[PDB]
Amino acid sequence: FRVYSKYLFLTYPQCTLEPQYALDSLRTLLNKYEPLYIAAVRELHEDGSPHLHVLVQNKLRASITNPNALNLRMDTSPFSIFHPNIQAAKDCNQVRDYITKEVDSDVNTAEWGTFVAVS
C-alpha cells in the first residue's frame, strides 16, 4: 500500500458515520497536507448498506503509507471503527461527480472549502 498524491478518494464500506462529522475529522487527520477542499457522501447500495465516499484536495502532495492512518471511530455505541480504501483521485472532477451526483444518497452531501481546479 502506498499513495503519494494531493488528491485522495476514500471509501469507507459499511460505514454509518455522518458525512459532516467524518469530513471534520479528516480535516484534522490530514492536517499535515493542508486540506483545501473536501466533499463527503453516504452512498446507499440497493441492499440499503451505507458506504461513505470522500474526496480530499490537499495543498501538499500527501504520502500515505500506513493503511490505517485514516481509520475513524464512531462516537456512540457500539463504537465501531471504520477502515477506508485509500486511493489517489486520478481525476478530481470525475470523482466529485461520482460522489455528488452519481451515487444514490438520501442525506445531504458535506462540503468544505473552495474547489480546486486541477490541471
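Each residue number is its position in the shown sequence, starting from 1.
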### Query
Between 64-72 and 30-38, which has the higher average C-alpha B-factor in the PDB entry?
64-72
### Query
Of the two stretches 40-48 and 53-61, which shows the higher Cα B-factor on average in the entry?
40-48
#### Entry: B-factor third for the C-alpha atom of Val103 within its chain
highest
### Message
Based on the deposited C-alpha B factors for this chain, I'd like to know if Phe115 is in the lowest, middle or highest third.
### Response
lowest
### Query
Of the three thirds of its chain by CA temperature factor, lowest, middle or highest, which one includes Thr109?
highest
### Message
For the chain shown, is the CA B-factor of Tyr4 in the lowest, middle or highest third of its modelled residues?
### Response
middle
### Message
Please say which third, lowest, middle or highest, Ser25 falls into when its CA temperature factor is compared across its chain.
### Response
lowest
